[PDB]
Q: 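What follows is a single structure, and I will ask about it in a moment.
Start at 1 and go down the list; that is how both ligands and their atoms are numbered. Numbers for residues simply follow the sequence, beginning at 1. Worth knowing before you read on, the calculation uses all heavy atoms, side chains too, and leaves out hydrogens, waters and symmetry mates.
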Amino acid sequence: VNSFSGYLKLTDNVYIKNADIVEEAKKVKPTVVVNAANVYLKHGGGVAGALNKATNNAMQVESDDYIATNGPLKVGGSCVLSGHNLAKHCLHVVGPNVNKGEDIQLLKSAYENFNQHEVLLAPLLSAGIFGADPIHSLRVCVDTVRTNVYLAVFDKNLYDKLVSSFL
Ligand SMILES: CC[C@@H](Nc1ncnc2[nH]c3cc(F)ccc3c12)c1nccs1
């Protein structure tokens, strides 16, 4: 039993809700919140900009030190950093950005990072400003993640479309 509330169950391990991931993280304080990161950990907009703003820019400060030490992530890769006031940990995961021409096949590799964590609060990878089809992202999530994932979808209209079209 966990503290996530109001989710629709899609499969044995995947759950979904129309919610603002920032507000959801502040309420649940999950062990792991997933950020929709880029390779530079520049949290300017989308989910990343919102999560970073909620940390009063502490996420960005920590991220800049991480990059200065380690260099950029790979597309499809991840790193574990602090969750600040939102979660114990933040798993920064880089899905391919279609608006940069990146290979959508890397979306499966991106979701594989979730399997290293027993329970996660997450957005749909490569959705929103990353330009992929969210219906496809949900399909890849369900077919790749085996651990327990609670998906927050900000847009109510999109949430209803994801549920109604789910196979
Ligand atoms: C992963 C893509 C998804 N983004 C989000 N998902 C869950 N929670 C979110 N909170 C936010 C707060 C913000 F300021 C900006 C963006 C988001 C956001 C979207 N898919 C379609 C349209 S936006």
Q: Heavy atom under 4.0 Å from ligand 1: found in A152's side chain, backbone, both, or neither?
A: backbone
Q: Would you say the side-chain atoms of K53 pair up with the backbone N or O of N56, donor to acceptor, closer than 3.5 Å?
A: no
Q: If you take the nearest heavy atom of each of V47, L151, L121, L125, which one is closest to atom 17 (C) of ligand 1?
A: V47
Q: Can you pull out the closest protein heavy atom to atom 23 (S) of ligand 1? Residue, atom name and distance to 0.1 Å, please.
A: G128 CA, 4.0 Å
Q: Between atom CG of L41 and atom CD of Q60, what is the distance when rounded to the nearest 0.5 Å?
A: 7.5 Å
Q: What is the nearest protein non-hydrogen atom to atom 1 (C) of ligand 1, stated with its residue, atom name and distance?
A: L124 O, 3.0 Å
Q: Run the side-chain donor-acceptor check on residues 119-126: report pairs under 3.5 Å with partners two or more places apart or on a different chain.
A:
| unit_1 | atom_1 | unit_2 | atom_2 | d |
| --- | --- | --- | --- | --- |
| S126 | OG | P96 | O | 2.7 |

Q: Checking a contact table here: which protein heavy atom is nearest atom 21 (C) of ligand 1, and how many Å away?
A: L158 CD2, 3.5 Å
Q: Under the 3.5 angstrom rule, does the side chain of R139 hit a backbone N or O of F166 as a donor-acceptor pair?
A: no
Q: Sort out for me which residue in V142, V145, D143, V149 forms a side chain to side chain contact (heavy atoms under 4.5 Å, CB included) with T11.
A: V142
Q: Find all atoms of ligand 1 within a distance of less than 4.0 Å from any non-hydrogen atom belonging to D20, and give their numbers and elements.
A: 10 (N)
Q: Determine the interplanar angle of the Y150 and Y7 rings, folded into 0 to 90°, and report it as parallel if under 30°, tilted if 30 to 60°, perpendicular if over 60°.
A: perpendicular
Q: Starting from atom 11 (C) of ligand 1, locate the nearest protein heavy atom and write down its residue, its atom name and how far away it is, to 0.1 Å.
A: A50 CB, 4.1 Å
Q: What pairs with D160 under side chain to side chain donor-acceptor pair (under 3.5 Å), at least two apart in sequence or on another chain?
A: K156
Q: In terms of residue, atom name and distance, what is the protein heavy atom nearest to atom 16 (C) of ligand 1?
A: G46 C, 3.4 Å
Q: Report the part of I21 in contact with ligand 1, treating N, CA, C, O as backbone and CB onward as side chain, heavy atoms under 4.0 Å; options are side chain, backbone, both, neither.
A: both
Q: Mark the output for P134 as yes if a heavy-atom distance to ligand 1 is under 4.0 Å, and as no if none is.
A: no
